[PDB]
């Protein structure tokens, strides 16, 4: 059985700048209910600071993978355990600000 999962892109602050439509079946929101909002707003209070320090760190990790587990508030208002694997991308033909590519999977905490 496939794990349920969607790709997103964020700015270094955590704001969703791109959301793959596989999100509907993963967390139940439409892409546009996510776009423009910070991923930390959907995060469990006890996990918000981890997630913010995760975003801060992924940019110092030289484009390598950072992974984080946290509880994400589904459109049912249930807390779903998420594993987000993220890494930065920066086109080396440019000196534009790097951004953050995430893959987001509903996992078991156990």
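Residue numbers count along the first chain shown, from 1.
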query: Greater mean Cα temperature factor according to the PDB record, 74-82 or 43-51; finding: 74-82
query: Ranked against its chain, the third holding the CA B-factor of residue 38; finding: lowest
query: Third of the chain's Cα B-factor distribution that residue 65 belongs to, per the entry; finding: middle
query: Third assignment of residue 15 from its chain's C-alpha B-factors; finding: lowest
query: Chain-wide C-alpha B factor ranking for residue 102, given as lowest, middle or highest third; finding: lowest
